[PDB]
>>> print(open('entry14.txt').read())   # compact mmCIF, N, CA, C and O atoms
# COMPACT_ATOMS: atom_id res chain seq x y z
N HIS C 1380 136.15 92.64 85.43
CA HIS C 1380 137.32 93.50 85.54
C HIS C 1380 137.07 94.87 84.94
O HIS C 1380 137.95 95.73 84.93
N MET C 1381 135.87 95.08 84.41
CA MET C 1381 135.49 96.39 83.90
C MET C 1381 135.44 97.40 85.05
O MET C 1381 135.37 97.02 86.21
N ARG C 1382 135.49 98.68 84.71
CA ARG C 1382 135.47 99.74 85.70
C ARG C 1382 134.16 99.72 86.49
O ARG C 1382 133.08 99.65 85.90
N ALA C 1383 134.27 99.79 87.81
CA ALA C 1383 133.09 99.76 88.66
C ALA C 1383 132.06 100.81 88.27
O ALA C 1383 130.86 100.60 88.41
N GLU C 1384 132.52 101.96 87.78
CA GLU C 1384 131.63 103.02 87.33
C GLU C 1384 130.72 102.53 86.21
O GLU C 1384 129.49 102.70 86.24
N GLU C 1385 131.32 101.91 85.20
CA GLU C 1385 130.52 101.42 84.08
C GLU C 1385 129.63 100.28 84.54
O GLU C 1385 128.46 100.19 84.15
N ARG C 1386 130.16 99.40 85.37
CA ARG C 1386 129.38 98.25 85.79
C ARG C 1386 128.14 98.73 86.55
O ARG C 1386 127.02 98.28 86.28
N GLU C 1387 128.34 99.65 87.48
CA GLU C 1387 127.21 100.16 88.26
C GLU C 1387 126.18 100.89 87.39
O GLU C 1387 124.98 100.75 87.58
N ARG C 1388 126.66 101.66 86.42
CA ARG C 1388 125.79 102.41 85.53
C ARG C 1388 124.93 101.47 84.68
O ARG C 1388 123.72 101.63 84.57
N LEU C 1389 125.57 100.48 84.08
CA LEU C 1389 124.80 99.54 83.27
C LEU C 1389 123.75 98.79 84.10
O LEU C 1389 122.62 98.60 83.65
N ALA C 1390 124.10 98.40 85.33
CA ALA C 1390 123.16 97.69 86.19
C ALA C 1390 121.97 98.55 86.59
O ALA C 1390 120.84 98.06 86.59
N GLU C 1391 122.22 99.80 86.94
CA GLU C 1391 121.16 100.69 87.39
C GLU C 1391 120.18 100.99 86.26
O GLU C 1391 118.97 101.03 86.47
N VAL C 1392 120.69 101.23 85.06
CA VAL C 1392 119.81 101.46 83.91
C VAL C 1392 119.01 100.21 83.55
O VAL C 1392 117.79 100.27 83.32
N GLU C 1393 119.68 99.07 83.50
CA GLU C 1393 118.99 97.80 83.27
C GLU C 1393 117.85 97.57 84.28
O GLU C 1393 116.78 97.11 83.93
N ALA C 1394 118.10 97.91 85.54
CA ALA C 1394 117.12 97.67 86.57
C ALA C 1394 115.92 98.60 86.42
O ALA C 1394 114.80 98.19 86.72
N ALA C 1395 116.16 99.82 85.97
CA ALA C 1395 115.09 100.79 85.81
C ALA C 1395 114.23 100.37 84.62
O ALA C 1395 113.01 100.47 84.66
N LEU C 1396 114.87 99.88 83.57
CA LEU C 1396 114.11 99.41 82.42
C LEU C 1396 113.24 98.22 82.79
O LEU C 1396 112.10 98.10 82.35
N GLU C 1397 113.78 97.34 83.61
CA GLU C 1397 113.05 96.15 84.00
C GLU C 1397 111.83 96.54 84.84
O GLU C 1397 110.78 96.01 84.64
N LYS C 1398 112.01 97.49 85.74
CA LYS C 1398 110.92 97.98 86.56
C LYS C 1398 109.79 98.53 85.70
O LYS C 1398 108.63 98.26 85.92
N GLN C 1399 110.15 99.34 84.72
CA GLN C 1399 109.18 99.92 83.78
C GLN C 1399 108.43 98.81 83.04
O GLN C 1399 107.22 98.83 82.97
N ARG C 1400 109.15 97.82 82.52
CA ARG C 1400 108.50 96.72 81.83
C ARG C 1400 107.50 95.97 82.74
O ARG C 1400 106.40 95.64 82.34
N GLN C 1401 107.95 95.66 83.95
CA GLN C 1401 107.12 94.95 84.91
C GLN C 1401 105.85 95.68 85.19
O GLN C 1401 104.81 95.05 85.31
N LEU C 1402 105.93 97.00 85.34
CA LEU C 1402 104.76 97.80 85.69
C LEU C 1402 103.84 98.04 84.50
O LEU C 1402 102.62 98.18 84.66
N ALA C 1403 104.44 98.13 83.31
CA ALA C 1403 103.69 98.11 82.07
C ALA C 1403 102.80 96.85 82.00
O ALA C 1403 101.57 96.93 81.73
N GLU C 1404 103.40 95.69 82.22
CA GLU C 1404 102.64 94.44 82.23
C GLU C 1404 101.61 94.38 83.37
O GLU C 1404 100.50 93.97 83.15
N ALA C 1405 101.98 94.83 84.58
CA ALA C 1405 101.03 94.86 85.67
C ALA C 1405 99.84 95.72 85.29
O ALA C 1405 98.70 95.34 85.51
N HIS C 1406 100.10 96.88 84.72
CA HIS C 1406 99.02 97.76 84.32
C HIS C 1406 98.14 97.13 83.23
O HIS C 1406 96.93 97.19 83.25
N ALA C 1407 98.76 96.46 82.28
CA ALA C 1407 98.01 95.85 81.21
C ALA C 1407 97.12 94.75 81.77
O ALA C 1407 96.03 94.54 81.29
N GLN C 1408 97.63 94.02 82.75
CA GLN C 1408 96.87 92.93 83.36
C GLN C 1408 95.66 93.49 84.13
O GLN C 1408 94.56 92.93 84.09
N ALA C 1409 95.90 94.58 84.85
CA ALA C 1409 94.83 95.24 85.61
C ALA C 1409 93.74 95.83 84.72
O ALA C 1409 92.53 95.72 85.00
N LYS C 1410 94.15 96.45 83.63
CA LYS C 1410 93.20 96.92 82.63
C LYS C 1410 92.37 95.79 82.03
O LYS C 1410 91.17 95.92 81.89
N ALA C 1411 93.02 94.69 81.69
CA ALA C 1411 92.31 93.55 81.10
C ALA C 1411 91.27 93.01 82.09
O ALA C 1411 90.12 92.73 81.72
N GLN C 1412 91.67 92.87 83.36
CA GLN C 1412 90.75 92.46 84.41
C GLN C 1412 89.57 93.42 84.58
O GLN C 1412 88.42 92.98 84.69
N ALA C 1413 89.83 94.73 84.60
CA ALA C 1413 88.75 95.69 84.77
C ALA C 1413 87.76 95.65 83.61
O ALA C 1413 86.54 95.78 83.79
N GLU C 1414 88.30 95.49 82.40
CA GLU C 1414 87.49 95.48 81.18
C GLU C 1414 86.63 94.23 81.16
O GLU C 1414 85.46 94.27 80.80
N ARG C 1415 87.22 93.10 81.54
CA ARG C 1415 86.50 91.83 81.56
C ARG C 1415 85.30 91.90 82.50
O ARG C 1415 84.16 91.59 82.13
N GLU C 1416 85.58 92.31 83.74
CA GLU C 1416 84.55 92.46 84.76
C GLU C 1416 83.49 93.51 84.42
O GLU C 1416 82.34 93.35 84.79
N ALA C 1417 83.87 94.55 83.70
CA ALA C 1417 82.89 95.55 83.31
C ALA C 1417 81.89 94.96 82.32
O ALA C 1417 80.70 95.26 82.34
N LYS C 1418 82.35 94.08 81.44
CA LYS C 1418 81.43 93.55 80.45
C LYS C 1418 80.60 92.39 81.02
O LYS C 1418 79.76 91.82 80.32
N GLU C 1419 80.80 92.09 82.30
CA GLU C 1419 79.98 91.12 83.02
C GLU C 1419 78.95 91.79 83.95
O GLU C 1419 78.22 91.12 84.68
N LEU C 1420 78.88 93.12 83.91
CA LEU C 1420 77.92 93.85 84.71
C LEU C 1420 76.49 93.73 84.20
O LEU C 1420 76.25 93.40 83.04
N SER V 1379 67.55 99.60 94.89
CA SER V 1379 66.53 99.08 95.80
C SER V 1379 66.07 97.69 95.38
O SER V 1379 65.72 96.86 96.22
N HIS V 1380 66.08 97.43 94.07
CA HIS V 1380 65.71 96.12 93.56
C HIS V 1380 66.93 95.39 93.00
O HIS V 1380 66.80 94.35 92.36
N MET V 1381 68.12 95.93 93.24
CA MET V 1381 69.36 95.27 92.81
C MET V 1381 69.74 94.19 93.81
O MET V 1381 69.67 94.40 95.03
N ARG V 1382 70.11 93.02 93.29
CA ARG V 1382 70.54 91.89 94.10
C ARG V 1382 71.94 92.12 94.63
O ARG V 1382 72.71 92.89 94.05
N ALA V 1383 72.28 91.45 95.72
CA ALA V 1383 73.58 91.61 96.36
C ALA V 1383 74.70 91.28 95.38
O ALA V 1383 75.74 91.93 95.38
N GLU V 1384 74.49 90.26 94.55
CA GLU V 1384 75.53 89.84 93.60
C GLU V 1384 75.95 90.95 92.64
O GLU V 1384 77.12 91.04 92.27
N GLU V 1385 74.99 91.75 92.19
CA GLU V 1385 75.28 92.83 91.27
C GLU V 1385 75.99 93.95 92.01
O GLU V 1385 76.89 94.58 91.45
N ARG V 1386 75.58 94.22 93.24
CA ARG V 1386 76.30 95.19 94.07
C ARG V 1386 77.74 94.75 94.28
O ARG V 1386 78.66 95.56 94.21
N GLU V 1387 77.95 93.46 94.50
CA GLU V 1387 79.31 92.92 94.57
C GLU V 1387 80.08 93.11 93.26
O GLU V 1387 81.26 93.45 93.29
N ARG V 1388 79.44 92.89 92.12
CA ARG V 1388 80.14 93.01 90.84
C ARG V 1388 80.51 94.46 90.60
O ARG V 1388 81.60 94.72 90.13
N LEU V 1389 79.60 95.38 90.89
CA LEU V 1389 79.92 96.81 90.79
C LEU V 1389 81.12 97.22 91.64
O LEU V 1389 82.04 97.93 91.16
N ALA V 1390 81.15 96.73 92.87
CA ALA V 1390 82.24 97.04 93.80
C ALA V 1390 83.57 96.48 93.27
O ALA V 1390 84.63 97.13 93.30
N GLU V 1391 83.50 95.27 92.74
CA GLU V 1391 84.66 94.63 92.12
C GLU V 1391 85.20 95.44 90.95
O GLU V 1391 86.40 95.64 90.86
N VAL V 1392 84.33 95.92 90.05
CA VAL V 1392 84.75 96.69 88.88
C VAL V 1392 85.39 97.99 89.35
O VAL V 1392 86.45 98.39 88.87
N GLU V 1393 84.74 98.63 90.31
CA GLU V 1393 85.23 99.88 90.85
C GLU V 1393 86.63 99.70 91.44
O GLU V 1393 87.54 100.50 91.17
N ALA V 1394 86.83 98.62 92.18
CA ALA V 1394 88.14 98.33 92.76
C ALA V 1394 89.16 98.04 91.64
O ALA V 1394 90.32 98.50 91.67
N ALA V 1395 88.75 97.30 90.61
CA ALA V 1395 89.66 96.99 89.50
C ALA V 1395 90.08 98.23 88.72
O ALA V 1395 91.24 98.32 88.28
N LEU V 1396 89.16 99.17 88.54
CA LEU V 1396 89.49 100.41 87.88
C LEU V 1396 90.48 101.23 88.70
O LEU V 1396 91.36 101.90 88.15
N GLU V 1397 90.35 101.18 90.02
CA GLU V 1397 91.28 101.88 90.88
C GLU V 1397 92.66 101.24 90.85
O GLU V 1397 93.68 101.92 90.80
N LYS V 1398 92.71 99.92 90.86
CA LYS V 1398 93.99 99.24 90.74
C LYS V 1398 94.68 99.62 89.43
O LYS V 1398 95.90 99.90 89.39
N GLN V 1399 93.91 99.65 88.34
CA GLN V 1399 94.44 100.08 87.06
C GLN V 1399 94.97 101.52 87.11
O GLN V 1399 96.06 101.82 86.60
N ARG V 1400 94.21 102.42 87.73
CA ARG V 1400 94.61 103.83 87.83
C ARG V 1400 95.91 103.95 88.60
O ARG V 1400 96.86 104.62 88.17
N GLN V 1401 96.03 103.20 89.70
CA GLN V 1401 97.23 103.31 90.50
C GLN V 1401 98.42 102.74 89.74
O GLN V 1401 99.48 103.31 89.81
N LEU V 1402 98.23 101.62 89.04
CA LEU V 1402 99.32 101.06 88.24
C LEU V 1402 99.72 101.96 87.07
O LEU V 1402 100.90 101.99 86.66
N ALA V 1403 98.77 102.69 86.50
CA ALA V 1403 99.11 103.61 85.42
C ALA V 1403 100.05 104.68 85.94
O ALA V 1403 101.03 105.02 85.28
N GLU V 1404 99.75 105.21 87.12
CA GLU V 1404 100.60 106.23 87.75
C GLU V 1404 101.99 105.67 88.07
O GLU V 1404 103.04 106.31 87.83
N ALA V 1405 102.00 104.46 88.62
CA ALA V 1405 103.23 103.80 88.98
C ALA V 1405 104.10 103.55 87.74
O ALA V 1405 105.31 103.79 87.73
N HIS V 1406 103.48 103.03 86.68
CA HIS V 1406 104.18 102.83 85.43
C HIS V 1406 104.77 104.15 84.88
O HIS V 1406 105.93 104.20 84.41
N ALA V 1407 103.98 105.23 84.90
CA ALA V 1407 104.44 106.52 84.39
C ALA V 1407 105.64 107.02 85.17
O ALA V 1407 106.58 107.55 84.59
N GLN V 1408 105.63 106.78 86.47
CA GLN V 1408 106.74 107.15 87.32
C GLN V 1408 107.99 106.31 86.99
O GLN V 1408 109.11 106.85 86.85
N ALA V 1409 107.82 105.00 86.83
CA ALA V 1409 108.90 104.11 86.39
C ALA V 1409 109.47 104.52 85.05
O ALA V 1409 110.69 104.45 84.83
N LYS V 1410 108.60 104.92 84.13
CA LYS V 1410 109.05 105.37 82.82
C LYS V 1410 109.87 106.66 82.89
O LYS V 1410 110.93 106.77 82.26
N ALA V 1411 109.41 107.63 83.67
CA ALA V 1411 110.18 108.85 83.83
C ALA V 1411 111.51 108.56 84.54
O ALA V 1411 112.53 109.17 84.25
N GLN V 1412 111.49 107.59 85.46
CA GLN V 1412 112.69 107.20 86.18
C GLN V 1412 113.74 106.55 85.26
O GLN V 1412 114.94 106.87 85.32
N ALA V 1413 113.27 105.65 84.40
CA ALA V 1413 114.12 104.98 83.43
C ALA V 1413 114.68 105.99 82.43
O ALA V 1413 115.86 105.95 82.07
N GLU V 1414 113.83 106.91 81.96
CA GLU V 1414 114.32 107.96 81.05
C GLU V 1414 115.46 108.77 81.67
O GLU V 1414 116.45 109.10 81.00
N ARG V 1415 115.31 109.12 82.94
CA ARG V 1415 116.30 109.93 83.61
C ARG V 1415 117.55 109.13 83.81
O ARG V 1415 118.64 109.63 83.59
N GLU V 1416 117.41 107.87 84.21
CA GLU V 1416 118.58 107.00 84.39
C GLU V 1416 119.36 106.74 83.08
O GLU V 1416 120.60 106.72 83.07
N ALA V 1417 118.64 106.55 81.99
CA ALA V 1417 119.27 106.29 80.69
C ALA V 1417 120.04 107.51 80.16
O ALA V 1417 120.84 107.36 79.23
N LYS V 1418 119.82 108.70 80.72
CA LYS V 1418 120.63 109.86 80.35
C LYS V 1418 122.10 109.61 80.65
O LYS V 1418 122.98 110.17 80.00
N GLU V 1419 122.37 108.77 81.63
CA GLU V 1419 123.75 108.57 82.06
C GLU V 1419 124.53 107.63 81.13
O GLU V 1419 125.75 107.50 81.26
N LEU V 1420 123.85 107.00 80.19
CA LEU V 1420 124.50 106.11 79.24
C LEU V 1420 125.40 106.89 78.29
O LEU V 1420 125.16 108.07 78.02
>>> encode(input="entry14.txt", output="structure tokens")
Amino acid sequence: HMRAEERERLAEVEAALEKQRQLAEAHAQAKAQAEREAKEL
Amino acid sequence: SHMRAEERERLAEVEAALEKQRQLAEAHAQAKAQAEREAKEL
């Protein structure tokens, strides 16, 4: 029953933060993979 | 010239992994700037 404006704002910010977190982890995983494989050269 | 195929494969793999990392770094940076801009509305 909260104002649609606030509801939409909170959702959009939450979603952007989640995207950032996901990509942070994806990047960390890719770095770990590259580093592992480099030390197997 | 004296490198085995397996090592050529490993080099190609590392090169591809470094590129995946580079692209994800850019993507993450873009997500971060996006989140910063969105959080201004709070």
>>> residues_around(input="entry14.txt", residues="residue 1403 (chain C)", least_positions_apart="5", cutoff="6 Å", atoms="only N, CA, C and O atoms", output="PyMOL selection string")
(chain C and resi 1398+1408) or (chain V and resi 1406)
>>> atom_distance(input="entry14.txt", atom1="CA of residue 1414 (chain V)", atom2="CA of residue 1396 (chain C)")
8.7 Å
>>> atom_distance(input="entry14.txt", atom1="atom C of residue 1409 (chain V)", atom2="atom N of residue 1399 (chain C)")
5.2 Å
>>> interface_residues(input="entry14.txt", of="chain V", to="chain C", cutoff="6 Å", atoms="only C-alpha atoms", output="PyMOL selection string")
chain V and resi 1392+1395-1396+1399+1402-1403+1406+1409-1410+1413+1416-1417
>>> select_by_dssp(input="entry14.txt", residues="chain V", states="alpha helix (DSSP H)", output="PyMOL selection string")
chain V and resi 1383-1417
>>> atom_distance(input="entry14.txt", atom1="atom O of residue 1404 (chain V)", atom2="atom C of residue 1418 (chain V)")
20.6 Å
